[PDB]
Amino acid sequence: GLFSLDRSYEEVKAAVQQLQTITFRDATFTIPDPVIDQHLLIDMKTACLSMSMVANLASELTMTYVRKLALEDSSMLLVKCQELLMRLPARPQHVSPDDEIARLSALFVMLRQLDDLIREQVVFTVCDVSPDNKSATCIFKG
Amino acid sequence: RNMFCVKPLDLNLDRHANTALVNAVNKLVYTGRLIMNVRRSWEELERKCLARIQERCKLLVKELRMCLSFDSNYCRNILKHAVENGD
């Protein structure tokens with residue numbers, strides 16, 4: 001839905017045809033009729049507001065952490081993360097644990113709000129399952 | 001050495017090294033040292049000038065006291081005033 005904006009019709013078609021598929025535990029599935037609609041537009045608006053809020057609330061140290069760590073560490077996770085990001089020691093510009101902890105708590109709330117968009121209601125917690133995968137014993141929550 | 005027209009400075013202070021609070025307090029302590037030094041020097045010159053002028057006046061009035069005459073007594077009555085306050 002987010003990609004549908006700022007993109008042309010055929011680019012949207014290619015992206016949609018890619019995103020329509022999913023792979024999970026040796027199985028694969030296809031999403032039926034994922035058409036963009038005003039219901040999804042509400043989610044887009046709230047998600048983008050939350051995302052810009054987490055962008056603004058982030059402190060200097062939090063933003064600079066990844067770029068600093070890339071200086072002298074190295075791993076496949078790190079190289080992938082750096083490849084995803086754009087490409088362009090010193091004493092920290094400001095140190096203030098009280099203001100920093102307040103900021104990071106606010107950012108924590110904002111991240112929670114952004115995360116709740118995709119988290120469904122956790123209906124079941126499961127126990128041991130019959131090996132034929134047909135039936136299971138579960139506890140009902142929510 | 002010269003109180004009247006002193007100039008400030010920026011200390012050529014670095015920003016890469018040292019903690020920032022020490023930078024601020026160093027600028028502050030330089031400013032305080034400058035103001036204290038200039039005010040203290042002005043006060044010291046005032047003290048020395050007042051002491052010297054008082055001693056000179058005392059010696060002059062003692063010398064001129066011996067010549068009892070109208071003009072000399074007028075001079076004495078002028079000089080008898082104290083000068084402890086600058087005004």
# chains A, B, ... in the order shown; residues from 1 in each chain; ligands from 1
$ select_by_dssp --residues "chain B" --states "helix (DSSP H, G or I)" --output "PyMOL selection string"
chain B and resi 20-64+70-79
$ write_last_selection --atoms "C-alpha atoms" --output "PDB file, in the first residue's frame"
ATOM      1  CA  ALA B  20      32.311  20.704  26.778  1.00  0.00           C
ATOM      2  CA  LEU B  21      31.507  21.734  30.360  1.00  0.00           C
ATOM      3  CA  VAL B  22      35.218  22.328  30.955  1.00  0.00           C
ATOM      4  CA  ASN B  23      35.279  24.420  27.763  1.00  0.00           C
ATOM      5  CA  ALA B  24      32.451  26.610  29.061  1.00  0.00           C
ATOM      6  CA  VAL B  25      33.911  26.964  32.555  1.00  0.00           C
ATOM      7  CA  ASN B  26      37.335  27.791  31.077  1.00  0.00           C
ATOM      8  CA  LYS B  27      35.835  30.607  29.018  1.00  0.00           C
ATOM      9  CA  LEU B  28      33.995  31.778  32.142  1.00  0.00           C
ATOM     10  CA  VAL B  29      37.101  31.661  34.338  1.00  0.00           C
ATOM     11  CA  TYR B  30      39.116  33.605  31.768  1.00  0.00           C
ATOM     12  CA  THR B  31      36.415  36.286  31.742  1.00  0.00           C
ATOM     13  CA  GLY B  32      36.331  36.362  35.543  1.00  0.00           C
ATOM     14  CA  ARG B  33      40.113  36.576  35.794  1.00  0.00           C
ATOM     15  CA  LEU B  34      40.150  39.488  33.344  1.00  0.00           C
ATOM     16  CA  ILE B  35      37.427  41.462  35.132  1.00  0.00           C
ATOM     17  CA  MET B  36      38.943  40.836  38.574  1.00  0.00           C
ATOM     18  CA  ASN B  37      42.409  41.860  37.394  1.00  0.00           C
ATOM     19  CA  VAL B  38      41.271  45.087  35.719  1.00  0.00           C
ATOM     20  CA  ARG B  39      39.070  46.185  38.634  1.00  0.00           C
ATOM     21  CA  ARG B  40      41.765  45.292  41.178  1.00  0.00           C
ATOM     22  CA  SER B  41      44.401  47.240  39.242  1.00  0.00           C
ATOM     23  CA  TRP B  42      42.171  50.323  39.079  1.00  0.00           C
ATOM     24  CA  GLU B  43      41.515  50.040  42.822  1.00  0.00           C
ATOM     25  CA  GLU B  44      45.240  49.652  43.558  1.00  0.00           C
ATOM     26  CA  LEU B  45      46.089  52.790  41.588  1.00  0.00           C
ATOM     27  CA  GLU B  46      43.335  54.708  43.392  1.00  0.00           C
ATOM     28  CA  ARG B  47      44.636  53.557  46.787  1.00  0.00           C
ATOM     29  CA  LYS B  48      48.223  54.532  45.977  1.00  0.00           C
ATOM     30  CA  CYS B  49      47.185  57.926  44.595  1.00  0.00           C
ATOM     31  CA  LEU B  50      45.056  58.728  47.647  1.00  0.00           C
ATOM     32  CA  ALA B  51      47.829  57.739  50.065  1.00  0.00           C
ATOM     33  CA  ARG B  52      50.417  59.828  48.213  1.00  0.00           C
ATOM     34  CA  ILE B  53      48.166  62.889  47.936  1.00  0.00           C
ATOM     35  CA  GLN B  54      47.258  62.700  51.634  1.00  0.00           C
ATOM     36  CA  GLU B  55      50.921  62.484  52.647  1.00  0.00           C
ATOM     37  CA  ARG B  56      51.860  65.370  50.334  1.00  0.00           C
ATOM     38  CA  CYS B  57      49.057  67.546  51.717  1.00  0.00           C
ATOM     39  CA  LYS B  58      50.069  66.769  55.306  1.00  0.00           C
ATOM     40  CA  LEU B  59      53.711  67.653  54.649  1.00  0.00           C
ATOM     41  CA  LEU B  60      52.785  70.853  52.802  1.00  0.00           C
ATOM     42  CA  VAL B  61      50.449  72.107  55.528  1.00  0.00           C
ATOM     43  CA  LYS B  62      53.076  71.348  58.177  1.00  0.00           C
ATOM     44  CA  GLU B  63      55.683  73.304  56.224  1.00  0.00           C
ATOM     45  CA  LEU B  64      53.454  76.310  55.523  1.00  0.00           C
ATOM     46  CA  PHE B  70      46.537  86.009  55.824  1.00  0.00           C
ATOM     47  CA  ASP B  71      47.259  84.493  52.401  1.00  0.00           C
ATOM     48  CA  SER B  72      49.185  81.601  53.957  1.00  0.00           C
ATOM     49  CA  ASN B  73      46.357  80.949  56.422  1.00  0.00           C
ATOM     50  CA  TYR B  74      43.875  80.974  53.532  1.00  0.00           C
ATOM     51  CA  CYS B  75      46.038  78.364  51.793  1.00  0.00           C
ATOM     52  CA  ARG B  76      46.069  76.270  54.974  1.00  0.00           C
ATOM     53  CA  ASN B  77      42.286  76.482  55.336  1.00  0.00           C
ATOM     54  CA  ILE B  78      41.979  75.303  51.728  1.00  0.00           C
ATOM     55  CA  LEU B  79      44.355  72.385  52.272  1.00  0.00           C
TER      56      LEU B  79
END
$ closest_atom_pairs --of "chain B" --to "chain A" --cutoff "9 Å" --atoms "only C-alpha atoms" --output "CSV"
residue,atom,partner,partner_atom,distance
B:16,CA,A:90,CA,6.6
B:17,CA,A:91,CA,7.1
B:18,CA,A:91,CA,8.2
B:19,CA,A:91,CA,8.2
B:20,CA,A:94,CA,8.4
$ atom_distance --atom1 "CA of residue 14 in chain A" --atom2 "CA of residue 28 in chain A"
19.1 Å
$ atom_distance --atom1 "CA of residue 18 in chain A" --atom2 "CA of residue 36 in chain A"
15.0 Å
$ atom_distance --atom1 "CA of residue 15 in chain A" --atom2 "CA of residue 118 in chain A"
19.8 Å
$ residues_around --residues "residue 141 in chain A" --least-positions-apart "5" --cutoff "8 Å" --atoms "only C-alpha atoms" --output "compact mmCIF listing (two decimals) with N, CA, C and O atoms, in the first residue's frame"
# COMPACT_ATOMS: atom_id res chain seq x y z
N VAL A 122 -3.70 -11.97 19.57
CA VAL A 122 -3.10 -13.28 19.79
C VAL A 122 -4.16 -14.20 20.38
O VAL A 122 -4.35 -14.25 21.59
N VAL A 123 -4.86 -14.92 19.50
CA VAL A 123 -6.01 -15.70 19.93
C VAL A 123 -5.57 -16.94 20.70
O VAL A 123 -6.07 -17.23 21.80
N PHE A 124 -4.62 -17.69 20.15
CA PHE A 124 -4.25 -19.00 20.69
C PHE A 124 -2.78 -19.07 21.07
O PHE A 124 -1.92 -18.53 20.37
N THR A 125 -2.51 -19.75 22.18
CA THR A 125 -1.19 -20.25 22.52
C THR A 125 -1.27 -21.77 22.54
O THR A 125 -2.18 -22.35 23.14
$ select_by_dssp --residues "chain A" --states "strand (DSSP E)" --output "PyMOL selection string"
chain A and resi 21-24+27-30+124-129+136-140
$ write_last_selection --atoms "N, CA and C atoms" --output "mmCIF file, in the first residue's frame"
data_model
loop_
_atom_site.group_PDB
_atom_site.id
_atom_site.type_symbol
_atom_site.label_atom_id
_atom_site.label_comp_id
_atom_site.auth_asym_id
_atom_site.auth_seq_id
_atom_site.Cartn_x
_atom_site.Cartn_y
_atom_site.Cartn_z
ATOM 1 N N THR A 21 2.989 -12.962 -3.122
ATOM 2 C CA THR A 21 3.416 -14.291 -2.715
ATOM 3 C C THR A 21 4.033 -14.267 -1.321
ATOM 4 N N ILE A 22 3.999 -15.423 -0.657
ATOM 5 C CA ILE A 22 4.591 -15.594 0.663
ATOM 6 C C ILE A 22 5.106 -17.023 0.789
ATOM 7 N N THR A 23 6.198 -17.183 1.536
ATOM 8 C CA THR A 23 6.794 -18.487 1.804
ATOM 9 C C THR A 23 6.900 -18.672 3.310
ATOM 10 N N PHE A 24 6.513 -19.851 3.796
ATOM 11 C CA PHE A 24 6.485 -20.089 5.234
ATOM 12 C C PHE A 24 6.559 -21.584 5.505
ATOM 13 N N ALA A 27 6.168 -24.222 2.897
ATOM 14 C CA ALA A 27 4.944 -24.002 2.143
ATOM 15 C C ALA A 27 4.939 -22.604 1.527
ATOM 16 N N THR A 28 4.058 -22.413 0.547
ATOM 17 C CA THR A 28 3.899 -21.127 -0.115
ATOM 18 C C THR A 28 2.419 -20.854 -0.337
ATOM 19 N N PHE A 29 2.053 -19.573 -0.290
ATOM 20 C CA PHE A 29 0.664 -19.154 -0.405
ATOM 21 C C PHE A 29 0.588 -17.839 -1.167
ATOM 22 N N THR A 30 -0.590 -17.558 -1.716
ATOM 23 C CA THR A 30 -0.835 -16.353 -2.497
ATOM 24 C C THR A 30 -2.023 -15.607 -1.904
ATOM 25 N N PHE A 124 -4.617 -17.695 20.154
ATOM 26 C CA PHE A 124 -4.254 -19.002 20.688
ATOM 27 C C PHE A 124 -2.783 -19.072 21.070
ATOM 28 N N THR A 125 -2.513 -19.750 22.183
ATOM 29 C CA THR A 125 -1.189 -20.252 22.524
ATOM 30 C C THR A 125 -1.267 -21.772 22.539
ATOM 31 N N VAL A 126 -0.309 -22.424 21.884
ATOM 32 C CA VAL A 126 -0.455 -23.817 21.485
ATOM 33 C C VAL A 126 0.338 -24.712 22.431
ATOM 34 N N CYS A 127 -0.080 -25.974 22.505
ATOM 35 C CA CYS A 127 0.647 -27.021 23.205
ATOM 36 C C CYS A 127 0.993 -28.103 22.190
ATOM 37 N N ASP A 128 1.389 -29.272 22.690
ATOM 38 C CA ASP A 128 1.836 -30.348 21.815
ATOM 39 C C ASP A 128 0.743 -30.734 20.824
ATOM 40 N N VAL A 129 1.166 -31.024 19.595
ATOM 41 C CA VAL A 129 0.275 -31.214 18.457
ATOM 42 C C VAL A 129 0.379 -32.658 17.984
ATOM 43 N N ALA A 136 -4.605 -29.989 17.326
ATOM 44 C CA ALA A 136 -3.701 -29.541 18.377
ATOM 45 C C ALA A 136 -4.490 -29.149 19.618
ATOM 46 N N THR A 137 -3.794 -29.114 20.750
ATOM 47 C CA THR A 137 -4.350 -28.627 22.004
ATOM 48 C C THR A 137 -3.823 -27.223 22.274
ATOM 49 N N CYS A 138 -4.737 -26.292 22.544
ATOM 50 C CA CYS A 138 -4.368 -24.888 22.651
ATOM 51 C C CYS A 138 -5.125 -24.233 23.796
ATOM 52 N N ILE A 139 -4.633 -23.066 24.207
ATOM 53 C CA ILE A 139 -5.272 -22.234 25.218
ATOM 54 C C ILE A 139 -5.774 -20.969 24.537
ATOM 55 N N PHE A 140 -7.011 -20.589 24.838
ATOM 56 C CA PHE A 140 -7.660 -19.452 24.197
ATOM 57 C C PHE A 140 -7.370 -18.191 25.002
#
$ residues_around --residues "range 44-52 of chain A" --least-positions-apart "2" --cutoff "8 Å" --atoms "only C-alpha atoms" --output "PyMOL selection string"
chain A and resi 1-2+40-42+54-56+110-111+113-114+117
